[PDB]
Amino acid sequence: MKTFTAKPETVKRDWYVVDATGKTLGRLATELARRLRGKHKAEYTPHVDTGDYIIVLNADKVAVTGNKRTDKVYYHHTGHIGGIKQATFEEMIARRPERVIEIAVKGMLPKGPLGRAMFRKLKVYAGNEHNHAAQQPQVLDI
Amino acid sequence: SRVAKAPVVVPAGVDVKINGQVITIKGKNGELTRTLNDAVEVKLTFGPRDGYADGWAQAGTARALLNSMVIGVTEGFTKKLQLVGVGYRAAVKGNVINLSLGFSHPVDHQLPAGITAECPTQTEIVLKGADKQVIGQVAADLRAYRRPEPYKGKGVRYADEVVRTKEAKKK
Amino acid sequence: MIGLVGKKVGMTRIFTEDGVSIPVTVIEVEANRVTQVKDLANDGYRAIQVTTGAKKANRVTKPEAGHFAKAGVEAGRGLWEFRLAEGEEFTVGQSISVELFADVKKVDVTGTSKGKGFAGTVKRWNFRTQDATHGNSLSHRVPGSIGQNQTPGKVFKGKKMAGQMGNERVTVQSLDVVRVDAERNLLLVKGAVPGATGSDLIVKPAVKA
Amino acid sequence: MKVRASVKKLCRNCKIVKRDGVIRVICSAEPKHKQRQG
Amino acid sequence: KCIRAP
RNA sequence: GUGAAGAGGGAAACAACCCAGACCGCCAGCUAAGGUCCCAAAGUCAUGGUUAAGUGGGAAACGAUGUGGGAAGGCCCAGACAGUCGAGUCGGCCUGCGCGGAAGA
RNA sequence: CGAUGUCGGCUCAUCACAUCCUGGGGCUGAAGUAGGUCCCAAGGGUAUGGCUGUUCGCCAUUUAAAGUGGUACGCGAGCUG
RNA sequence: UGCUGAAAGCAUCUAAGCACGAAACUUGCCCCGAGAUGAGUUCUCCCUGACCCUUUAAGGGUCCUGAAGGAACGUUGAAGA
Ligand SMILES: [K+]
Ligand SMILES: [K+]
Ligand SMILES: [K+]
Ligand SMILES: [K+]
Ligand SMILES: [K+]
Ligand SMILES: [K+]
Ligand SMILES: [K+]
Ligand SMILES: [K+]
Ligand SMILES: [K+]
Ligand SMILES: [K+]
Ligand SMILES: [K+]
Ligand SMILES: [K+]
Ligand SMILES: [Mg+2]
Ligand SMILES: [Mg+2]
Ligand SMILES: [Mg+2]
Ligand SMILES: [Mg+2]
Ligand SMILES: [Mg+2]
Ligand SMILES: [Mg+2]
Ligand SMILES: [Mg+2]
Ligand SMILES: [Mg+2]
Ligand SMILES: [Mg+2]
Ligand SMILES: [Mg+2]
Ligand SMILES: [Mg+2]
Ligand SMILES: [Mg+2]
Ligand SMILES: [Mg+2]
Ligand SMILES: [Mg+2]
Ligand SMILES: [Mg+2]
Ligand SMILES: [Mg+2]
Ligand SMILES: [Mg+2]
Ligand SMILES: [Mg+2]
Ligand SMILES: [Mg+2]
Ligand SMILES: [Mg+2]
Ligand SMILES: [Mg+2]
């Protein structure tokens, strides 16, 4: 007997909708990363995307402890010499609040083609509305 | 602590509304509002709320603020500034104090909502209001234009200042 | 406010009575015809599209023609957009004329700079030439060093090197309006503006005040 | 302002205070005694 | 010329 | 003692450190060091404390009402200590964990 | 060591900040003008000549200023010699 | 640098709260920019035929059809190796 392997063409994927309001960033992200990868399913298979689609609402109201709201810094480099750029958490929330969740979750997903594919199933929104009523997402308390 | 353990007697013609942490003292002079710290519990007696480390310190602040809110509505606060220096004048026009302080431009300080001002002399400003924090801030802002210098005391001072002067060296 | 699309006619001067010679670019601004009004509902931003001039009926494609037919305007030689400020309102079909600039003191003028083709670093970047003589071997106008050594062991992005020069969008800001001639469809602006004679210019009121 | 690793009361009028997370000395009497970086 | 000459 | 002449697991990566000595096969099980929120296998384990510095996750003399614990002491409802007043207050000692001192291509 | 071209100059730079100038401040044995000293700040700017292979330095005359360092004592498959 | 302010009856810019503060930072100005594979938006234009077979499926052929537009070729350009 060979061990079961999930097959991408028969993988069942459900839609979920989460509310980020007041949730601790990192404790939310681990739960998102887990579910996007499909670690919560018996059919979990390292090389197959068995996870779920997750809509995240109210990304702008995600919480952080300590002095992270001012002191957590997001660095990136533009590729040009001297091009080291930075933004605090509060700046990132003001400008581009969906990036906060997305950056946290992306750091917790596998690197490589499949990790990038897993990330595509995360739909983050700044506010309390989404355009995905067609997909009929169920509420997920995490 | 000692400050918090000492109640605020509300006098006659004062009324209070405790909407949770939010409070609204109101009397003759005006209507003042403060949202207190979540560690404080008011009833006026102030006391620490359980499940908070800095309860007594926060209570003592909340006490002191509501005591000033009481003085705010009954008596109001008064802050006096005087203009030392040749040519240093002041004058009020509605809610705009116009100062001459030896600049090449005119200084016209816009007063905030609560605060009024009067110039009994050209070299005196007497601002009045309900909020003790706000009169303090307006007075500081006026003082900031031309702070008292240490050689002849020239500038905007608080009436109450001992403005230490010093001599201009030997030779 | 909005600007208008014009054509660089060429340069001249205006002699003032008090002796001064003012160098002017003459910009022909024929009517700009509103061809579309972008709304915050349908488009997510407020703007007008305009056409100016004329195109050969046979060289205007069916897609292009239908777009002009909806507007109810004659085909022009192109389409340009101008962001509307708060309070500015225009209708489709409206002709906007050079009279727009009648009380405008300064303009910014945008055009496509003359094309220098492939330019060396001397011309393109004002690099200093190396010695004409004193032993120089084949290295008179060549760029010199392009980096350091093992650290960092690469050339940095944005390094100034030879390449295509000119033939790109340039804006010259804060040019004085010398004259607005509505009768002749002319705008005279003081000083040079980008591009060859005959080239299209976008003229907007100066953004710096 | 004296900026020093060792900050100390110099006057009887000098007062140690921690503002943000910086130890400072404030003296009402003498502004030469004002210090930080304690 | 001599690499790492005398 | 190991490497040399030694693979495997841990220490991100890392001959020489820690665990451990590969005869071959297995889609069985138990453990070592080291680990158990996600990358990434296993406790978002239990109970009681401490820290607020992202300390943890680099550094000294020395500096300081940071904060936790301990043992004593001076003074005090013949009213202390701080500005009549009405209960604690002052300064040293020993200790836990933090803070400044702390600039590089 | 079956070769990692070696000083300086030229050309072209790029980074650090222990800041030379310009910007913001505190103290002054700060009257003012001008300084001293320390703190914050790296955005941009930061001479030309005489002499010497020079780096450096001295000198002349400027300048708001003529910074200090790292980059194989940056840069010879870019030049010089 | 302050305001209000306790802990600590005082004091205290700070612990709660509030204000000010620089060429640094985010913008504002100019240019590139949807390969932004997260490949976006708006406007306009075009195509409205039949059949056959097999492993019957986002299947493969046949005949008729050939749009919008594009390219090619030519005359060329203040565009260009
Ligand atoms: K030669
Ligand atoms: K051995
Ligand atoms: K850390
Ligand atoms: K060698
Ligand atoms: K100074
Ligand atoms: K700088
Ligand atoms: K350098
Ligand atoms: K070398
Ligand atoms: K050389
Ligand atoms: K080489
Ligand atoms: K060569
Ligand atoms: K696109
Ligand atoms: Mg990996
Ligand atoms: Mg050309
Ligand atoms: Mg030259
Ligand atoms: Mg030769
Ligand atoms: Mg030659
Ligand atoms: Mg590399
Ligand atoms: Mg050997
Ligand atoms: Mg080994
Ligand atoms: Mg390993
Ligand atoms: Mg086991
Ligand atoms: Mg796991
Ligand atoms: Mg650390
Ligand atoms: Mg330490
Ligand atoms: Mg070799
Ligand atoms: Mg510095
Ligand atoms: Mg920078
Ligand atoms: Mg070298
Ligand atoms: Mg050569
Ligand atoms: Mg070389
Ligand atoms: Mg020789
Ligand atoms: Mg107080």
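Chain identifiers are assigned alphabetically (A, B, ...) following the order of the sequence lines, protein sequences preceding nucleic acid strands; residue numbering begins at 1 within each chain. Side chains are part of it too, since the values below use all heavy atoms of this structure and drop only hydrogens, waters and symmetry mates.
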- Heavy-atom closest contact (C/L138 atom, C/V142 atom, distance):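 Residues C/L138 and C/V142, closest heavy atoms: O-CG1, 3.8 Å.
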- Query: Can you name the closest pair of heavy atoms from C/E74 and C/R33 and give their distance?
  - Reply: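 Closest pair (atom of C/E74, atom of C/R33, distance): O-NH2, 2.8 Å.
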Please determine whether any donor N or O and acceptor N or O are separated by less than 3.5 Å between the side chain of [X] and the base of [N].
X	N	answer
A/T3	F/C27	yes
B/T61	H/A7	no
B/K169	G/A30	no

Give a single yes or no on stacking for [N] with [M], with the cut-offs at 5.5 Å between ring centres and 30° between planes.
N	M	result
H/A16	H/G17	yes
H/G70	H/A71	yes
G/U28	G/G29	no

When the side chains of residues 81-92 of chain A are checked against the rest of the protein, which donor-acceptor pairs come out under 3.5 Å, sequence neighbours left out?
unit_1	atom_1	unit_2	atom_2	d
A/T88	OG1	A/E91	N	3.3
A/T88	OG1	A/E91	OE2	3.2
A/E91	OE1	A/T88	N	3.2

Would you mind pulling out the nucleotide paired to [N], Watson-Crick or G-U wobble, both distances under 3.5 Å?
N	value
H/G33	none
H/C18	H/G2
F/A64	none
H/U62	H/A50
H/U41	none
F/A7	none
G/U55	none

Side-chain donor-acceptor contact under 3.5 Å, [X] with [Y]:
X	Y	result
D/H33	D/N13	no
B/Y52	B/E41	no
C/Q130	C/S139	no

- So what does A/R37 hit on the nucleic acid, given a heavy-atom distance under 4.0 Å: a base, only sugar-phosphate, or nothing?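 Counting heavy atoms under 4.0 Å across all strands, the contact made by A/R37 is with sugar-phosphate only.
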- Which part of the nucleic acid, if any, lies within contact of E/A5, taking any heavy atom under 4.0 Å across all strands shown: a base, the sugar-phosphate backbone alone, or nothing?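 Since a base atom lies under 4.0 Å of E/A5, the category is base.
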Within the pair [X] and [N], is there a side-chain N or O less than 4.0 Å away from OP1 or OP2?
X	N	value
B/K132	H/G5	yes
B/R147	H/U1	no
E/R4	G/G5	yes

- Task: From the options H/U26, H/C31, H/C30, select the nucleotide whose nearest atom is closest to the side chain of A/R95.
- Result: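 Per side-chain heavy atoms of A/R95, the pick is H/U26.
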- Item | Candidate nucleotides G/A31, G/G26, H/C3, ranked by approach to the side chain of B/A168 - the nearest |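 Looking only at side-chain atoms, B/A168 lies closest to G/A31.
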Given atom [atom1] of [X] and atom [atom2] of [N], what is their separation to the nearest angstrom?
X	N	atom1	atom2	result
B/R49	H/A16	CZ	P	18 Å
B/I135	H/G2	CD1	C1'	14 Å
A/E31	F/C39	CD	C1'	15 Å
A/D71	F/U55	CG	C1'	13 Å
B/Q137	H/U1	CD	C1'	11 Å

Is the base of [N] syn or anti, if syn means a glycosidic angle within 90° of 0?
N	result
H/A57	syn
G/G76	syn
F/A78	syn

- Message: For B/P150 and D/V3, find the nucleotide of RNA chain G closest to each by heavy atoms; which residue's nucleotide sits nearer the 5' end?
- Response: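 Residue closer to the 5' terminus by nearest nucleotide: B/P150.
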- Toward the 5' end of RNA chain G, by each residue's nearest nucleotide, E/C2 or B/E167: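 The residue closer to the strand's 5' end, by nearest nucleotide, is E/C2.
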- Residue whose closest nucleotide on RNA chain F lies nearer the 5' end, A/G26 versus A/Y44: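 Residue closer to the 5' terminus by nearest nucleotide: A/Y44.
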- Message: Nearest heavy atom decides the nucleotide; on that basis, is A/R27 or A/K111 closer to the 5' end of RNA chain F?
- Response: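 Taking each residue's closest nucleotide, the earlier one in sequence belongs to A/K111.
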Table of protein N/O atoms under 3.5 Å from nucleotides 9-13 of chain H N/O atoms:
unit_1	atom_1	unit_2	atom_2	d
H/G9	OP2	B/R2	NE	3.0
H/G9	OP2	B/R2	NH2	3.2
H/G9	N3	B/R2	NE	3.3
H/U12	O4'	D/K15	NZ	3.4
H/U12	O3'	D/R19	NH2	3.0

In whole angstrom, give me the gap between the [atom1] atoms of [N] and [M].
N	M	atom1	result
F/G56	F/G96	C1'	16 Å
G/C7	G/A72	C1'	14 Å
F/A87	F/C76	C1'	9 Å

- Message: Does anything in residues 30-38 of chain D come within less than 4.0 Å of RNA chain F? Heavy atoms only, and list the residues if so.
- Response: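 The answer is D/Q37, D/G38.
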Let me have a per-nucleotide readout for [range], 5' to 3', with B, S or -, counting only protein heavy atoms under 4.0 Å.
range	answer
nucleotides 75-81 of chain G	B--BSSS
nucleotides 37-46 of chain H	-B---BSBSS
nucleotides 74-81 of chain H	----BSSS

- Item | For B/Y145, all residues meeting ring pair (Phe, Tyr, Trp, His ring centres under 6.0 Å), sequence neighbours excluded |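 So B/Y145 forms a ring pair (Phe, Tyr, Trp, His ring centres under 6.0 Å) with B/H109.
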By side chain to side chain donor-acceptor pair (under 3.5 Å), which residues pair with [X], not counting sequence neighbours?
X	answer
B/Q110	B/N95
A/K121	A/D49
B/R164	none

Between side-chain atoms of residues 108-123 of chain C and protein atoms elsewhere (two or more places apart, or another chain), which donor-acceptor pairs fall under 3.5 Å?
unit_1	atom_1	unit_2	atom_2	d
C/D108	OD1	C/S174	N	3.0
C/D108	OD2	C/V207	N	3.2
C/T110	OG1	C/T171	OG1	2.7
C/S113	OG	C/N167	N	3.0
C/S113	OG	C/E168	N	3.2
C/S113	OG	C/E168	O	3.1

- Query: Near RNA chain G, under 4.0 Å by heavy atom, which residues of residues 83-91 of chain A?
  - Reply: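 Contacts with RNA chain G under 4.0 Å: none.
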